[PDB]
Amino acid sequence: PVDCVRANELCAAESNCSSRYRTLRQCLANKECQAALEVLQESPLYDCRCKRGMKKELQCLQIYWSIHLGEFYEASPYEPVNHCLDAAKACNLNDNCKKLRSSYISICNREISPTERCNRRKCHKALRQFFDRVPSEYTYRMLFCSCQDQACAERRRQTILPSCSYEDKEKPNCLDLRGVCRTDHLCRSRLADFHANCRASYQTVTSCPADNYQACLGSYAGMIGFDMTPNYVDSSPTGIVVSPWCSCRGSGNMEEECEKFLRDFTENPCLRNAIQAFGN
Amino acid sequence: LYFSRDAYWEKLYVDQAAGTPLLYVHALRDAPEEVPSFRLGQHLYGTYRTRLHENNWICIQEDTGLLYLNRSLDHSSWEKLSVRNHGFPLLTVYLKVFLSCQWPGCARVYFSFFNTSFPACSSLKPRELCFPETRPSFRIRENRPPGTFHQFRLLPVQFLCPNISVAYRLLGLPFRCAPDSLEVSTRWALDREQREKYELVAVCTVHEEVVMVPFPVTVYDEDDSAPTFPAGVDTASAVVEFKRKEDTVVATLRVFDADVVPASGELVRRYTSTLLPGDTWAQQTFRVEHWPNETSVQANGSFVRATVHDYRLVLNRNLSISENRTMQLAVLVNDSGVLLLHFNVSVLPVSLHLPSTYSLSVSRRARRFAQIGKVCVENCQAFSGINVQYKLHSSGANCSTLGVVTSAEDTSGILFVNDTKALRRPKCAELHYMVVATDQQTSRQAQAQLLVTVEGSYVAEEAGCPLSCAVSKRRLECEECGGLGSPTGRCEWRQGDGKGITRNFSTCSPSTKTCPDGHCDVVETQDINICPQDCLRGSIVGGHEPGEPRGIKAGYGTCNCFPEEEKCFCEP
Ligand SMILES: *[C@@H]1O[C@H](CO)[C@@H](O)[C@H](O)[C@H]1NC(C)=O
Ligand SMILES: *[C@@H]1O[C@H](CO)[C@@H](O)[C@H](O)[C@H]1NC(C)=O
Ligand SMILES: *[C@@H]1O[C@H](CO)[C@@H](O)[C@H](O)[C@H]1NC(C)=O
Ligand SMILES: *[C@@H]1O[C@H](CO)[C@@H](O)[C@H](O)[C@H]1NC(C)=O
Ligand SMILES: *[C@@H]1O[C@H](CO)[C@@H](O)[C@H](O)[C@H]1NC(C)=O
Ligand SMILES: *[C@@H]1O[C@H](CO)[C@@H](O)[C@H](O)[C@H]1NC(C)=O
Ligand SMILES: [Ca+2]
Ligand SMILES: [Ca+2]
Ligand SMILES: [Ca+2]
Ligand SMILES: [Ca+2]
């Protein structure tokens, strides 16, 4: 398994491979394209992955999407691997979780104007830095904690602090938000990571591919801190339905694909069964 | 010509013989000249747009639209094709079908393969003998000549198990299931503008099990609806009188359209609003903003959706006071049907006169920077984008005591004591000022009289007094000493509650209507000793919550402040 950084390392160590890589990069960014394709289908850049929380993930993804030829699903460039009161108490007794926790809270709970509720990009940056370098027995315990009443569900909803990040003035079109997320490098890669690990299945007994709860939970929580950042819909104790901040309105004749894209978050038996079995 | 769906589904096994019929396809025409041809893509696609090999086992009948097996299968070909999946488990392959990969120009067909061979007729449940896993969902245009779009039977199932008695059945509906041929057809041409959805229950019957399966039908739209007024409204009268800001929604109207087809990507490129020209003042001071919204309307007890476009009219700059005009604006609407709108706009000027004499007083015990009175236009809370500044002109030019600064929120000026000694003199006891109300953009101005009486006595303060009111902590030391901002000469004490972290925190202020107001005005922000609990940029010791730009929004207990160190304390 060769990641794209070392694939560029072996690419820059050779003359023909670097020539065909820069040739295809000048093609994308007939006959010049097809020869570069039939050469670089044997490159170490061909089928290179990236890692979660690796150093210079952005360059790895910019290299990986550079060789990609120009669509509901895409290939993931990654390695295919009171209760909530007690979760917060287990965080605040460790030192690494406490510092970054107070970091994203003291950033995201700063009202600026009576119009601007909070700063968006710094709050997303703090949430990404929280959900990258914290051990996952702390994140999953605070974000997924089994509740029986309304106050526990409200604490669990308020954990990613949706008053700044999740909600907006309007609910835009889900397809437009998908286009915005697929414009950016990082959000498109996290969305493909979520699509590769959290589809429904008719063959496996838990409707999840490879019967892997862990990959679908990591593909869920890796979408926090982007524009396609989901959260719960209400403070329901047992009813657990996640959703991004959009809706099916404004769809036109593209209504069915919008509904099918939204049913990945609203009506996934794989993700809901994974959350329920993790709560058990 | 268009494909009825975009995904057909089929289950495969090992060692199925050649000539085995796999499935049917359907491609409904649009004009009475169109014959559905069917050509196949020359690659067995794997997963995530990956070619494996050219198709060499599945052939097609273009007339009946019959996908069937050209050759047989084995373990060797499938274990060969599973290698080129590049680290992924072989679960489903798919083919591309052209007709003359996206709907309706192309259709991809799925194949879910099993490494085991074909199981027995009795070893399969009738639910897996009637319908596939993927329940269908169809795409049908409006107002087109109908035909046949679906067939029920599973062809390798009855090809390999013909002895199982299986029937299919549909339940003023245009759809029908034919006898002796299980194709589904539609009687008349349909429209979404009557009804958009048709969900049905199809019944399979075996020997013995009766299986019900949902059957959704979706109708698509064309641009068959010109823009329409809600009820006769073609014009909108509006008056630009007081706001005159860079951007304020002047006029607003709705336009109905049952056409949905120009969706949000191409919605700008089709629904066109055009301000008709004629005056450059309109083109420098006006524009038309436009956006639709989907609403749900009833047709025959159903709920379909349509577009309600909203046209609003927006200013472009700060209109000055000297505008005394009126216009009529004409708007073209293109639903690519041609609609016209009008707007009677009337921009009326503003009078800026004031009441002539502001008779008022001031106590002698007051200190520096203490609020007294308010100078304002007759319409205080009408100005939005017009800057109005206030000044003073002392008559004798020897008894300068007071000043006026202007808050741009209310665009109004507040009296403040500037000097103590001139108020302290018994000579300058009744003072006459010319309050001149000026302007910035257009130099129309006015003036007025200010009579003020220096009234009362003077008493010295205590020996250990600080300079601000908020230094005191108890109640008695607050009122027995005088700070800076109060016009009473003594500091005032407001007393809160024991309800935890509240806005009602007990404190010592200059004025109980000005200092813990929650707003840092122009008077308090001059020198930071007046009201530290509304205007500081510092640190707070105690359970609290700070203000939104600055200040103490809520505290606990008693709250005092040292403005010399920008520090505050809150404690019961
Ligand atoms: C569209 O109409 C709905 C009706 O409830 C309303 O909630 C929504 O705010 C409207 N959106 C716009 C952009 O007018
Ligand atoms: C505006 O113009 C009209 C034109 O007749 C005039 O009567 C009116 O006095 C003008 N407005 C002001 C404030 O002078
Ligand atoms: C509306 O737009 C179409 C598309 O360009 C154009 O052909 C048509 O002439 C326009 N309508 C008018 C009244 O100009
Ligand atoms: C707008 O002005 C025209 C000009 O004569 C007039 O006919 C029309 O009645 C006005 N609109 C309204 C709503 O009065
Ligand atoms: C319009 O007036 C407001 C009032 O303060 C001012 O802040 C703004 O800069 C002005 N803008 C223009 C374009 O004149
Ligand atoms: C207040 O008095 C000082 C000193 O006499 C002077 O500089 C200042 O301009 C006065 N304030 C106003 C608003 O004129
Ligand atoms: Ca129609
Ligand atoms: Ca229309
Ligand atoms: Ca229509
Ligand atoms: Ca104040």
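Top to bottom, those sequences are chains W and Y.
When you line the first sequence up against PDB author numbering, it's residues 37 to 65, 75 to 115, 121 to 131, 159 to 357, in that order.
When you line the second sequence up against PDB author numbering, it's residues 29 to 128, 137 to 207, 211 to 246, 251 to 379, 387 to 622, in that order.
Backbone N, C-alpha and C fix where the C-beta goes; we use that ideal spot for every residue, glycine too.
Distance cutoff 8 Å, beta carbons only. Does residue 149(W) sit that close to anything in chain Y?
What the structure lacks is residue 149(W): chain W is numbered 131, then 159, with the residues between left out.
I want to check one thing, is the minimum distance from the CB of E244(W) to the heavy atoms of ligand 1 below 7 Å?
no
Suppose contacts are defined by Cβ-Cβ distances below 8 Å. Is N610(Y) in contact with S522(Y) by that definition?
yes
Cβ of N250(W) within 8 Å of Cβ of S313(W)?
Between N250(W) and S313(W), the C-beta spacing is not below 8 Å.
Collect the residues with a C-beta less than 5 Å away from any heavy atom of ligand 7 and give them in sequence order along the chain.
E178(Y), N179(Y), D230(Y), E232(Y), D267(Y)
Where does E45(W) land, buried or exposed, given buried means 16+ other C-beta within 10 angstroms?
By the Cβ neighbour-count rule, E45(W) is exposed, with fewer than 16 other Cβ atoms within 10 Å of its own.
Under the criterion of a Cβ to heavy atom distance below 7 Å, does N377(Y) qualify as lining ligand 3?
Result yes, Cβ under 7 Å from ligand 3.
Starting from the beta carbon of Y76(Y), find every residue of chain W whose beta carbon is closer than 8 Å, and list them in chain order.
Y123, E124, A125
Could you say if the region 72-80 of chain Y and the region 115-126 of chain Y meet the contact criterion of at least three C-beta pairs nearer than 8 Å?
yes
Would you grab the beta carbon distance between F174(Y) and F185(Y) for me? Rounded to a whole angstrom, and I think it's under 8 Å.
6 Å
What residue does the beta strand (DSSP E) around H482(Y) start on, and which one ends it?
480-487
Just to confirm before moving on: does the CB-CB distance between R474(Y) and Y440(Y) stay below 8 Å?
Remark: C-beta atoms of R474(Y) and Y440(Y) do not approach each other more closely than 8 Å.
Between the region 206-218 of chain W and the region 262-279 of chain W, do at least 3 Cβ pairs fall closer than 8 Å?
no
Compare the beta carbon distance of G532(Y) and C558(Y) with 8 Å and say whether it is the shorter of the two.
no
Can you name the start and end residues of the alpha helix (DSSP H) that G256(W) belongs to?
251-260
Say the cut is 7 Å; is the CB of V262(Y) nearer than that to a heavy atom of ligand 9?
no
Closer than 7 Å, Cβ to any Cβ of chain W: which residues of the region 105-119 of chain Y, in chain order?
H114
Compare the C-beta of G327(W) with all C-beta atoms of chain Y and state if any pair is closer than 8 Å.
yes
What residues are listed by DSSP as bridge partners for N377(Y)?
For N377(Y), which the question treats as bridged, DSSP gives the partners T315(Y), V388(Y).
Can you tell me the Cα-Cα spacing of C347(W) and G302(W), whole angstroms?
Here the alpha carbon of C347(W) sits roughly 23 Å from the alpha carbon of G302(W).
Taking 7 Å as the limit, tell me which residues put their C-beta closer than that to any heavy atom of ligand 5, in chain order.
Result: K288(Y), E289(Y), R360(Y), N361(Y), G435(Y), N437(Y), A458(Y).
On the criterion of 16 or more Cβ atoms from any shown chain inside 10 Å, does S280(Y) qualify as buried, or is it exposed?
exposed
Counting pairs of Cβ atoms below 8 Å between the region 329-341 of chain Y and the region 397-415 of chain Y, do you hit three or more?
no
What does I176(Y) pair with, by DSSP beta-bridge criteria?
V262(Y)
Using a Cβ-Cβ distance cut-off of 8 Å, determine whether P321(W) contacts chain Y.
no
So, is the C-beta of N250(W) closer than 8 Å to a C-beta in chain Y?
Closer than 8 Å: yes.
Whole angstroms is fine: what's the gap from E238(Y)'s alpha carbon to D230(Y)'s?
16 Å
Tell me the DSSP bridge mates of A203(Y)?
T244(Y)
Taking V242(Y) as the reference, give the member of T315(Y), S556(Y), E232(Y), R163(Y) with the closest Cα.
That would be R163(Y), whose Cα lies nearest to the Cα of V242(Y).
On the DSSP bridge list, what partners appear for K424(Y)?
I464(Y)
Where do the ends of the alpha helix (DSSP H) carrying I182(W) lie?
172-185
Measuring only the C-alpha atoms, how far is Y57(W) from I317(W)?
47 Å
Residues of chain Y with CB closer than 8 Å to the CB of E188(W), please, in chain order.
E598
I'd like to know if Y122(Y) contacts chain W, where contact means its C-beta is closer than 8 Å to some C-beta of that chain.
Not an interface residue.
Taking all protein chains shown into account, do 16 or more other C-beta atoms lie within 10 angstroms of the C-beta of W322(W), making it buried, or fewer, making it exposed?
With 16 or more Cβ atoms within 10 Å of its Cβ, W322(W) is classed as buried.
For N468(Y), is the beta carbon positioned less than 7 Å from some heavy atom of ligand 6?
yes
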